[PDB]
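Below is one structure; the comments refer to it alone.
2 protein chains.
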Amino acid sequence: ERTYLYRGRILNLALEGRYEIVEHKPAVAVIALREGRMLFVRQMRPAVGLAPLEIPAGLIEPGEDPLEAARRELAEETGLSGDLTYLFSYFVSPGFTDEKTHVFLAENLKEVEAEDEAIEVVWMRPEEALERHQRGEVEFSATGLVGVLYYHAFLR
Amino acid sequence: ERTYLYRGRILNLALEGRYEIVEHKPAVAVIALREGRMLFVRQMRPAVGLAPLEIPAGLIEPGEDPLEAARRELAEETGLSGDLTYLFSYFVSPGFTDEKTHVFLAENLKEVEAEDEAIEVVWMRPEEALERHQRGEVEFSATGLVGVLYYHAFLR
Ligand SMILES: Nc1ncnc2c1ncn2[C@@H]1O[C@H](COP(=O)(O)OP(=O)(O)OC[C@H]2O[C@H](O)[C@H](O)[C@@H]2O)[C@@H](O)[C@H]1O
Ligand SMILES: Nc1ncnc2c1ncn2[C@@H]1O[C@H](COP(=O)(O)OP(=O)(O)OC[C@H]2O[C@H](O)[C@H](O)[C@@H]2O)[C@@H](O)[C@H]1O
Ligand SMILES: [Mn+2]
Ligand SMILES: [Mn+2]
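Protein chains in written order, with this note's numbering: chain V, 508 to 663; chain X, 508 to 663.
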């Protein structure tokens, strides 16, 4: 038996025996390179009180599958569309939440819209994002770090 | 004002205006290679109902800093010690939680203990972990995927 303590907008909090469990919608994230720059985004994140370096990401909404959600959040956050390829998925923190992230690569990006304004588009070479992070200048989300590592592994 | 709905063992659930926020202890994770195999672990994770491929990881306990927590969970989960180097950190899912993970590299591993039994030690070439994941055979945690990508980027 899961017993629910809180049913919310973007999460539920449940107890399952001794375990505290946060149910959360699945997410998508998109890795995109153009002229050696990766497409990052930043927004104020009240949970952490700062704006980490992320890649375009969002929740999968009712009716959508991961590919469709990835297309949508790329367009809504950055005004771009591209050719999407599924890469891999991961559980963000499976010791307490079921949130799963599906990661895509985008190629051949084109502007379809001139976007959500509280999101800052940050094109940045991934080598520079990693250096800024090593020097303490920026924090990463998991999606931002996965983008930077994937680039270094496979896109040079 | 954060208003608290739940104060627990491994998380607190808070509201901050419209935002649902899960406070969570920071974590560590350790990337370790030996003879071309990466040190993964698996354990049943009730939040997800399965055992994803992770790397050795744990929460930072009172009094500890990340390096010390990394040493401890490597020994407790796998019976090993090594020379630790800090790599980078990431917020697991900063749209709802403040959990931050500090990732270390371990080299020169030695057995100090013959360990916590509900953790399965899984030495596996990272190329094979990535293939098994691409074929649907295993799920990744963020820490497992970060280990595999870091290897491919920097440890070949
Ligand atoms: N959902 C939970 N509810 C209550 N207690 C729990 C839960 N999960 C574990 N404990 C207790 O908490 C104690 C300390 O857990 P440690 O073993 O240092 O950590 P880790 O490997 O779980 O988590 C490490 C990271 O890996 C994953 O990505 C996680 O999501 C974290 O981000 C354990 O003894 C359990 O008794
Ligand atoms: N803590 C919250 N509480 C309540 N509502 C919120 C919260 N955060 C956002 N919303 C509402 O939820 C709506 C849908 O959010 P989308 O914009 O598709 O997602 P994302 O970028 O937030 O999260 C994407 C991933 O990136 C990060 O790693 C996250 O942790 C996720 O893993 C937003 O309109 C907000 O109005
Ligand atoms: Mn978003
Ligand atoms: Mn652990």
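Ideal placement from N, C-alpha and C gives every residue a C-beta, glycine not left out.
heavy atom of ligand 1 below 7 Å from residue i C-beta
i: V:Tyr526; result: yes
i: X:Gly543; result: no
i: X:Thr604; result: no
i: V:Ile517; result: no
i: V:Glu644; result: no
i: X:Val529; result: no
i: X:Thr608; result: yes
i: V:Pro601; result: yes
i: V:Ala554; result: no
i: V:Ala621; result: no
i: X:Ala558; result: no
Distance cut-off 7 Å: residue i Cβ against heavy atoms of ligand 4
i: X:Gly586; result: no
i: residue 702 of chain X; result: Any answer about residue 702 of chain X is impossible in this case: the structure gives chain X only from 508 up to 663.
i: X:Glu575; result: no
i: X:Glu580; result: yes
Extent of the continuous alpha helix (DSSP H) run through residue i
i: X:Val655; result: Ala649 to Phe661
i: X:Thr585; result: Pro573 to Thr585
i: V:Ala636; result: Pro633 to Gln641
Proximal residues to residue i (C-beta, below 8 Å), its chain only, five neighbours per side dropped
i: V:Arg549; result: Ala558, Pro559, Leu560, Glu561, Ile626, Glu627 and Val629
i: V:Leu594; result: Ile538, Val610, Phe611, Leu612 and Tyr657
i: V:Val645; result: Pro559, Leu560, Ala636 and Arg639
i: X:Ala649; result: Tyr597, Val599 and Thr608
i: X:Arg578; result: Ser588 and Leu591
i: X:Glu606; result: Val529, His531, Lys532, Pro533, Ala534, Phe598, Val599 and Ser600
i: V:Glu523; result: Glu508, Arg509 and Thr510
i: V:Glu571; result: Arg579
Residue i, DSSP secondary structure in three states
i: X:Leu518; result: coil
i: X:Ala625; result: coil
i: V:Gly589; result: strand
i: V:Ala621; result: coil
i: X:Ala554; result: coil
i: V:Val599; result: coil
i: X:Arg509; result: coil
i: X:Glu614; result: strand
i: V:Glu568; result: coil
i: X:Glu606; result: coil
Cβ-heavy atom distance, residue i to ligand 5, below 7 Å
i: V:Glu624; result: Among the ligands present in this structure, namely ligand 1, ligand 2, ligand 3 and ligand 4, ligand 5 is not found.
Same chain, Cβ closer than 7 Å to residue i, five either side skipped, listed in chain order
i: X:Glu618; result: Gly586 and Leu587
i: X:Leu540; result: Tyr658 and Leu662
i: X:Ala582; result: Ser588, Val619 and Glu620
i: V:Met631; result: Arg544, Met545 and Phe547
i: V:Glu614; result: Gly589 and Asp590
Contacts of residue i in chain V (Cβ-Cβ under 8 Å)
i: X:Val535; result: What X:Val535 touches in chain V: nothing, since even the nearest Cβ is about 12 Å away.
Contact set for residue i: own chain, Cβ-Cβ below 6 Å, skip 5 residues either direction
i: X:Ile528; result: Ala521
i: X:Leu518; result: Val529 and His531
i: X:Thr604; result: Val529 and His531
Proximity test, residue i beta-carbon vs ligand 2 heavy atom, cut-off 7 Å
i: V:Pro569; result: no
i: X:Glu508; result: no
i: X:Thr592; result: no
i: V:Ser596; result: no
i: V:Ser648; result: yes
i: V:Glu561; result: yes
i: X:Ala539; result: no
Within chain X, partners of residue i - CB distance below 8 Å
i: V:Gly589; result: Simply none; closest approach about 21 Å.
Start-to-end residues for the beta strand (DSSP E) that takes in residue i
i: V:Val529; result: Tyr526 to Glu530
i: X:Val645; result: That residue, X:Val645, is in no beta strand (DSSP E); it is neither H nor E in DSSP.
i: X:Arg541; result: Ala534 to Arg541
i: V:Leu560; result: Counting along the chain, V:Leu560 falls outside any beta strand (DSSP E), and DSSP gives it neither H nor E.
Interface residues of chain X facing residue i [CB-CB closer than 7 Å]
i: V:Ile517; result: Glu527 and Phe603
i: V:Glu523; result: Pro553
i: V:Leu520; result: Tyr513 and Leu520
Per-residue contacts from residue i into chain V (C-beta, under 9 Å)
i: X:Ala649; result: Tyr597, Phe598, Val599, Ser600, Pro601, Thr608, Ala649, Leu652 and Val653
i: X:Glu646; result: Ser596, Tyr597, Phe598, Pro601 and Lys607
Cross-chain neighbours of residue i in chain X, by beta carbon under 9 Å
i: V:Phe661; result: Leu656, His659 and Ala660
i: V:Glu575; result: Within chain X, no residue comes near V:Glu575; the closest Cβ sits about 19 Å away, beyond 9 Å.
i: V:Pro559; result: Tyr597, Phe598 and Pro601
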